[PDB]
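File shown here: run_38.csv, holding CSV, C-alpha atoms and all ligand atoms.
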```csv
chain,number,residue,atom,x,y,z
I,1,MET,CA,0.0,0.0,0.0
I,2,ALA,CA,1.5,3.4,-1.2
I,3,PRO,CA,1.4,6.1,1.6
I,4,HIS,CA,-2.0,8.0,2.2
I,5,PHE,CA,-2.9,10.8,4.6
I,6,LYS,CA,-5.8,9.3,6.5
I,7,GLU,CA,-6.0,12.6,8.4
I,8,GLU,CA,-4.6,15.5,6.6
I,9,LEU,CA,-2.7,18.4,7.9
I,10,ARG,CA,-4.9,21.4,9.1
I,11,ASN,CA,-4.4,25.1,8.7
I,12,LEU,CA,-3.5,26.8,11.9
I,13,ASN,CA,-4.2,30.2,13.4
I,14,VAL,CA,-2.0,30.5,16.5
I,15,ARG,CA,-1.2,33.3,18.9
I,16,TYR,CA,2.2,34.8,18.9
I,17,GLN,CA,4.8,33.0,21.2
I,18,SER,CA,2.5,30.0,21.6
I,19,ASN,CA,3.6,26.5,20.4
I,20,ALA,CA,2.1,25.4,17.1
I,21,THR,CA,1.3,21.8,16.6
I,22,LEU,CA,0.8,20.2,13.1
I,23,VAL,CA,-0.6,16.7,13.2
I,24,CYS,CA,-1.5,14.1,10.6
I,25,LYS,CA,-2.2,10.4,10.3
I,26,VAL,CA,-0.4,8.3,7.6
I,27,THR,CA,-1.3,4.8,6.2
I,28,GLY,CA,1.0,2.7,4.1
I,29,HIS,CA,2.8,-0.7,3.9
I,30,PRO,CA,5.6,-0.8,4.3
I,31,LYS,CA,5.3,1.9,7.0
I,32,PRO,CA,6.0,5.3,5.4
I,33,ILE,CA,8.8,7.6,6.5
I,34,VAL,CA,7.8,11.2,7.1
I,35,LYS,CA,9.6,14.4,6.3
I,36,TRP,CA,8.6,17.9,7.3
I,37,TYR,CA,9.2,21.1,5.4
I,38,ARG,CA,9.0,24.9,5.8
I,39,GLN,CA,8.2,26.3,2.4
I,40,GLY,CA,9.9,23.5,0.7
I,41,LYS,CA,13.0,23.4,2.9
I,42,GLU,CA,13.3,20.3,5.1
I,43,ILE,CA,12.8,20.9,8.8
I,44,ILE,CA,15.3,19.1,10.9
I,45,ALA,CA,14.1,18.5,14.5
I,46,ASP,CA,16.5,20.1,17.1
I,47,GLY,CA,14.4,19.7,20.3
I,48,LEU,CA,14.1,23.5,20.7
I,49,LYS,CA,12.4,25.4,17.9
I,50,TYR,CA,11.3,22.1,16.2
I,51,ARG,CA,10.3,18.9,17.8
I,52,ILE,CA,8.9,15.7,16.1
I,53,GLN,CA,6.7,13.2,17.8
I,54,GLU,CA,5.4,9.9,16.3
I,55,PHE,CA,2.7,7.7,17.8
I,56,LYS,CA,1.3,4.1,17.1
I,57,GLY,CA,-1.3,4.0,14.4
I,58,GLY,CA,0.6,6.3,12.0
I,59,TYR,CA,0.3,9.6,13.8
I,60,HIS,CA,3.0,12.2,13.2
I,61,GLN,CA,3.3,15.6,14.8
I,62,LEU,CA,5.5,18.6,14.5
I,63,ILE,CA,5.7,21.3,17.4
I,64,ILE,CA,7.1,24.6,16.4
I,65,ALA,CA,7.9,26.5,19.6
I,66,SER,CA,7.1,30.1,20.5
I,67,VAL,CA,5.8,31.1,17.1
I,68,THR,CA,6.9,34.3,15.4
I,69,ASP,CA,5.6,35.9,12.2
I,70,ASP,CA,8.6,34.2,10.6
I,71,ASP,CA,7.0,30.9,11.3
I,72,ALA,CA,3.8,32.1,9.7
I,73,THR,CA,4.1,30.3,6.4
I,74,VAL,CA,3.3,27.2,4.4
I,75,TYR,CA,4.3,23.8,5.7
I,76,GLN,CA,4.6,20.5,3.9
I,77,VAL,CA,4.5,17.0,5.3
I,78,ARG,CA,5.7,14.1,3.0
I,79,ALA,CA,5.1,10.3,3.5
I,80,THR,CA,7.2,7.9,1.4
I,81,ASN,CA,7.5,4.1,1.0
I,82,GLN,CA,8.8,2.0,-1.8
I,83,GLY,CA,5.3,2.1,-3.2
I,84,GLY,CA,5.2,6.0,-3.5
I,85,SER,CA,5.5,9.4,-2.0
I,86,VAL,CA,2.8,12.1,-1.4
I,87,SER,CA,2.8,15.4,0.5
I,88,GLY,CA,0.2,17.4,2.4
I,89,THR,CA,0.4,21.1,3.1
I,90,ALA,CA,-1.0,23.5,5.7
I,91,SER,CA,-0.5,27.2,6.5
I,92,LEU,CA,0.2,28.7,9.8
I,93,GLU,CA,-1.1,32.3,10.3
I,94,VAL,CA,0.1,33.9,13.6
I,95,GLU,CA,-2.3,36.3,15.2
I,96,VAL,CA,-0.6,39.3,16.9
I,97,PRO,CA,-3.0,41.7,18.5
I,98,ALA,CA,-2.3,45.4,17.4
I,99,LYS,CA,0.3,47.0,19.8
I,100,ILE,CA,2.4,50.2,20.2
I,101,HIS,CA,5.9,49.7,21.5
I,102,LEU,CA,7.3,53.0,22.9
I,103,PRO,CA,11.1,52.7,23.2
I,104,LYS,CA,11.3,55.4,25.9
I,105,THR,CA,8.7,56.9,28.2
I,106,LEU,CA,8.9,59.8,30.6
I,107,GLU,CA,6.4,60.4,33.3
I,108,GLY,CA,3.9,58.2,31.6
I,109,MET,CA,4.1,58.9,27.9
I,110,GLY,CA,6.5,59.3,25.2
I,111,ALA,CA,8.6,62.5,25.0
I,112,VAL,CA,10.6,64.1,22.2
I,113,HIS,CA,12.6,67.2,22.8
I,114,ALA,CA,13.4,69.4,19.9
I,115,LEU,CA,14.9,72.7,18.8
I,116,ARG,CA,13.2,75.1,16.5
I,117,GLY,CA,13.7,74.2,12.8
I,118,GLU,CA,14.8,70.7,13.5
I,119,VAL,CA,13.4,68.1,11.2
I,120,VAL,CA,11.8,65.8,13.8
I,121,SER,CA,10.5,62.2,13.4
I,122,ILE,CA,8.5,60.7,16.1
I,123,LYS,CA,9.2,57.0,15.3
I,124,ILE,CA,7.0,54.4,16.9
I,125,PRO,CA,7.5,50.6,16.5
I,126,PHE,CA,4.3,48.6,16.4
I,127,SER,CA,3.0,45.0,16.1
I,128,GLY,CA,-0.1,43.4,14.7
I,129,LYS,CA,-1.3,40.6,12.4
I,130,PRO,CA,-3.3,41.4,10.3
I,131,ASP,CA,-1.3,44.5,9.8
I,132,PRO,CA,-3.0,47.2,11.7
I,133,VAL,CA,-4.5,50.6,10.6
I,134,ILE,CA,-2.5,53.5,11.9
I,135,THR,CA,-3.7,56.8,12.9
I,136,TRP,CA,-2.1,59.9,14.3
I,137,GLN,CA,-3.9,62.9,16.0
I,138,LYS,CA,-2.8,66.0,17.8
I,139,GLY,CA,-4.8,66.1,20.9
I,140,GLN,CA,-8.0,65.2,19.1
I,141,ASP,CA,-7.6,66.5,15.5
I,142,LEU,CA,-6.7,63.7,13.1
I,143,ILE,CA,-3.6,64.1,11.1
I,144,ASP,CA,-3.2,62.9,7.6
I,145,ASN,CA,-0.5,64.1,5.1
I,146,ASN,CA,-1.0,67.8,4.4
I,147,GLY,CA,1.5,70.6,3.9
I,148,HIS,CA,2.8,70.5,7.4
I,149,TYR,CA,3.0,66.8,8.5
I,150,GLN,CA,4.2,63.7,6.8
I,151,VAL,CA,3.3,60.2,8.0
I,152,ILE,CA,5.5,57.2,7.3
I,153,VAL,CA,3.9,53.7,7.8
I,154,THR,CA,6.1,50.6,7.1
I,155,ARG,CA,5.7,46.9,8.0
I,156,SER,CA,7.0,47.6,11.5
I,157,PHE,CA,6.9,51.3,12.5
I,158,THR,CA,5.2,54.5,11.9
I,159,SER,CA,6.8,58.0,12.0
I,160,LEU,CA,5.3,61.4,12.3
I,161,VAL,CA,7.6,63.8,10.6
I,162,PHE,CA,7.9,67.6,10.5
I,163,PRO,CA,9.6,67.9,7.2
I,164,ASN,CA,9.7,71.7,7.1
I,165,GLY,CA,11.4,71.9,10.6
I,166,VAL,CA,9.5,72.1,13.9
I,167,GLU,CA,7.9,75.3,14.9
I,168,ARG,CA,7.2,76.3,18.4
I,169,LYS,CA,3.5,75.7,17.8
I,170,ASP,CA,4.3,71.9,17.1
I,171,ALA,CA,4.7,71.4,20.8
I,172,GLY,CA,1.9,69.4,22.2
I,173,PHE,CA,0.5,65.9,22.7
I,174,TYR,CA,0.4,63.5,19.8
I,175,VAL,CA,-1.7,60.2,19.9
I,176,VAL,CA,-0.7,57.3,17.7
I,177,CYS,CA,-3.2,54.3,17.4
I,178,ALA,CA,-2.9,50.9,15.9
I,179,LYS,CA,-6.0,48.8,15.3
I,180,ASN,CA,-6.7,45.4,13.9
I,181,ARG,CA,-9.3,42.8,14.6
I,182,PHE,CA,-7.5,41.3,17.5
I,183,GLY,CA,-7.6,44.8,19.2
I,184,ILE,CA,-6.6,48.4,19.5
I,185,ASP,CA,-3.8,50.1,21.3
I,186,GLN,CA,-2.9,53.8,21.5
I,187,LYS,CA,-0.1,55.8,23.1
I,188,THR,CA,0.6,59.5,23.6
I,189,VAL,CA,3.9,61.3,22.9
I,190,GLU,CA,4.7,64.7,24.2
I,191,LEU,CA,6.7,66.9,21.8
I,192,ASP,CA,8.4,70.0,23.3
I,193,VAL,CA,10.3,72.6,21.3
I,194,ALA,CA,13.2,74.6,22.7
I,195,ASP,CA,14.6,78.0,21.7
I,201,CL,CL,9.4,47.5,7.0
I,202,CL,CL,8.4,79.3,14.9
```
Representation of the structure as structure tokens:
Amino acid sequence: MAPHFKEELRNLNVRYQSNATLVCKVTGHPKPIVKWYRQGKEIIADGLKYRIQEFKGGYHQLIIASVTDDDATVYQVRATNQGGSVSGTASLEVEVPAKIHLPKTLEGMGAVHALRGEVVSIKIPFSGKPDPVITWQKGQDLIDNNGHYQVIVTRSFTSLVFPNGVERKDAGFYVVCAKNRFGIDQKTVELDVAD
């Protein structure tokens, strides 16, 4: 009997830093040998990031520890005997709730100290999967790109920039917010401007 997946690999949605477990059940005679792959590159069990467990009745399990977005990909499992070889595939998607990560806080909030005319960037790392929506406000007036401010949003941070150089009036309290479907998080940064 050529190998068969009696129970196929399942797609997984797993929360960041948890362990992800991929399981399948394999039939075949002679008993198939199972290899595991991350996007087409063989995974070698090392006992730490990757562990393999096999049980009676043809069950085969891979445990991927402490899952990062790096682990969020397509996985293959292959079963092979002298009668044939077949693979199954599943995806792992890693849910990270939206979150703002202030490098430095003073008295509760972020703080940026600037001199007049300095081209300031308020740079704010964040997390979230799905990628979150980002907004900035000053107190409570939304900011988009106009003639005064520029917003940068990349995969991992957002920056509020004062491309024309800060003016004394730029002093105040800026609120940055990251939102996805696993949640919302906001933080405030105080800017002060020195002359
Ligand atoms: Cl990036
Ligand atoms: Cl000014």
Give one line per residue of chain I that approaches ligand CL 201 (chain I) to at most 10 Å, naming the two atoms of the closest pair and their distance in Å to one decimal, counting only C-alpha atoms and all ligand atoms; sort by chain then ascending residue number and deliver it as CSV.
```
residue,atom,partner,partner_atom,distance
I:153,CA,I:CL201,CL,8.3
I:154,CA,I:CL201,CL,4.5
I:155,CA,I:CL201,CL,3.9
I:156,CA,I:CL201,CL,5.1
I:157,CA,I:CL201,CL,7.1
I:158,CA,I:CL201,CL,9.5
```
Residues of chain I at most 10 Å from ligand CL 202 (chain I): nearest atom pair and distance in Å, only C-alpha atoms and all ligand atoms, as JSON lines:
```
{"residue": "I:116", "atom": "CA", "partner": "I:CL202", "partner_atom": "CL", "distance": 6.6}
{"residue": "I:117", "atom": "CA", "partner": "I:CL202", "partner_atom": "CL", "distance": 7.6}
{"residue": "I:165", "atom": "CA", "partner": "I:CL202", "partner_atom": "CL", "distance": 9.1}
{"residue": "I:166", "atom": "CA", "partner": "I:CL202", "partner_atom": "CL", "distance": 7.4}
{"residue": "I:167", "atom": "CA", "partner": "I:CL202", "partner_atom": "CL", "distance": 4.0}
{"residue": "I:168", "atom": "CA", "partner": "I:CL202", "partner_atom": "CL", "distance": 4.8}
{"residue": "I:169", "atom": "CA", "partner": "I:CL202", "partner_atom": "CL", "distance": 6.7}
{"residue": "I:170", "atom": "CA", "partner": "I:CL202", "partner_atom": "CL", "distance": 8.7}
{"residue": "I:193", "atom": "CA", "partner": "I:CL202", "partner_atom": "CL", "distance": 9.5}
{"residue": "I:195", "atom": "CA", "partner": "I:CL202", "partner_atom": "CL", "distance": 9.3}
```
Those selected residues, please, written with C-alpha atoms and delivered as a PDB file, keeping the file's coordinate frame.
```pdb
ATOM      1  CA  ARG I 116      13.200  75.100  16.500  1.00  0.00           C
ATOM      2  CA  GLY I 117      13.700  74.200  12.800  1.00  0.00           C
ATOM      3  CA  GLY I 165      11.400  71.900  10.600  1.00  0.00           C
ATOM      4  CA  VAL I 166       9.500  72.100  13.900  1.00  0.00           C
ATOM      5  CA  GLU I 167       7.900  75.300  14.900  1.00  0.00           C
ATOM      6  CA  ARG I 168       7.200  76.300  18.400  1.00  0.00           C
ATOM      7  CA  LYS I 169       3.500  75.700  17.800  1.00  0.00           C
ATOM      8  CA  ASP I 170       4.300  71.900  17.100  1.00  0.00           C
ATOM      9  CA  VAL I 193      10.300  72.600  21.300  1.00  0.00           C
ATOM     10  CA  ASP I 195      14.600  78.000  21.700  1.00  0.00           C
TER      11      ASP I 195
END
```
Residue 149 of chain I surroundings by only C-alpha atoms, 9 Å radius, close-in-sequence under 6 positions cut, as a ChimeraX atom specification
/I:143,160-164
Residues within 9 Å of (4.8, 49.4, 19.2), file coords, only C-alpha atoms, listed as a PyMOL selection string
chain I and resi 98-103+124-128+156-158+178+185+187
Residue 21 of chain I environment, 8 Å, only C-alpha atoms, sequence neighbours closer than 5 positions dropped, as a ChimeraX atom specification:
/I:61-64
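Neighbours of segment 32-43 of chain I closer than or equal to 8 Å, with all atoms listed in the file counted and sequence neighbours fewer than 2 positions away skipped, come out as residues 3, 26, 27, 28, 29, 30, 45, 50, 60, 62, 73, 74, 75, 76, 77, 78, 79, 80 and 81 of chain I.
Straight-line separation from atom CA of residue 189 of chain I to atom CA of residue 118 of chain I: 17.2 Å.
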Which residue, I:131, I:114, I:47, I:137, has the smallest gap to residue 194 of chain I when you use all atoms listed in the file?
I:114
Could you state the separation of atom CA of residue 18 of chain I and atom CA of residue 129 of chain I in Å, given to one decimal place?
14.5 Å
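The shortest atom-to-atom distance to residue 89 of chain I, with only C-alpha atoms taken into account, belongs to I:5 out of I:16, I:136, I:5, I:55.
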Residue 15 of chain I environment, 10 Å, all atoms listed in the file, sequence neighbours closer than 4 positions dropped, as an mmCIF file with C-alpha atoms, in the frame of the given file:
```cif
data_model
loop_
_atom_site.group_PDB
_atom_site.id
_atom_site.type_symbol
_atom_site.label_atom_id
_atom_site.label_comp_id
_atom_site.auth_asym_id
_atom_site.auth_seq_id
_atom_site.Cartn_x
_atom_site.Cartn_y
_atom_site.Cartn_z
ATOM 1 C CA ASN I 19 3.600 26.500 20.400
ATOM 2 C CA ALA I 20 2.100 25.400 17.100
ATOM 3 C CA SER I 66 7.100 30.100 20.500
ATOM 4 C CA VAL I 67 5.800 31.100 17.100
ATOM 5 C CA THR I 68 6.900 34.300 15.400
ATOM 6 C CA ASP I 69 5.600 35.900 12.200
ATOM 7 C CA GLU I 93 -1.100 32.300 10.300
ATOM 8 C CA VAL I 94 0.100 33.900 13.600
ATOM 9 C CA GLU I 95 -2.300 36.300 15.200
ATOM 10 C CA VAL I 96 -0.600 39.300 16.900
ATOM 11 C CA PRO I 97 -3.000 41.700 18.500
ATOM 12 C CA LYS I 129 -1.300 40.600 12.400
#
```
